[PDB]
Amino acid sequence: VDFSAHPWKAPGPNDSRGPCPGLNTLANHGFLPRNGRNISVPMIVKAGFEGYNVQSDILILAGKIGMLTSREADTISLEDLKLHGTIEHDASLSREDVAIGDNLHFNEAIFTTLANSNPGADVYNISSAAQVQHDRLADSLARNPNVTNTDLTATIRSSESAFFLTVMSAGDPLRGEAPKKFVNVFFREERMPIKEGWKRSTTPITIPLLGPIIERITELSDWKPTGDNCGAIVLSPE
């Protein structure tokens, strides 16, 4: 992996970007196509390995679910992933709920909750991620009459916290903690925080590595389901 051959570039109007900081950051570095188009599961598997040392087990599983969001046979544009109720969910860390705002773009007012978490410490961790999930869900339950909160959205949310905690770690992703200086750049700029001192994990990030972090965040989050608790996903756009 030569990271100097993968410089960050800001997206312009030819560049599709979605609700996922992980994939948007890979596109901003050219590990995925910079235009955010014509993205296949094999391209995601390779880009996640090269950029983040994320292994194929999770990227095939998630990637094939994400492909459902487009109208194309075996590719997406990253913006397609905003399709509500496939993967995209309410009570995001950095986006608004679709019923009451913009479910696509980074939103600093939403991000405030994560940004102010684990106060006095230099890291986010499992405990602070759980508290943020609790507080984000409580915000959606208070303000969004159309909130969807189910076993499946709760699991996806904890997967996403585990992703930022592992991929943006100081080098040992097992530990379930990540420097704030790295995670904040990842979200706010969709940039690998290389200038700040981040490096790609030398440990493969796999389903067995993520699973305990996901389950422990859920356990500490004081979570309950809402409504019919139906794990049905949206299988296609329009």
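Residue numbers here begin at 1 and follow the sequence given.
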Stretch with the greater mean C-alpha B-factor as recorded in the entry, comparing 50-58 against 170-178: 170-178
70-78 versus 137-145 - which carries the larger mean C-alpha B factor in the record: 137-145
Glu160 by Cα B-factor - lowest, middle or highest third of the modelled chain: lowest
Chain thirds of CA B-factor: placement of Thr203: highest
Cα B factor band for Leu93 (lowest, middle or highest third within the chain): lowest
Chain thirds of CA B-factor: placement of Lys224: highest
Relative C-alpha B-factor of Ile217, binned into the chain's lowest, middle or highest third: middle
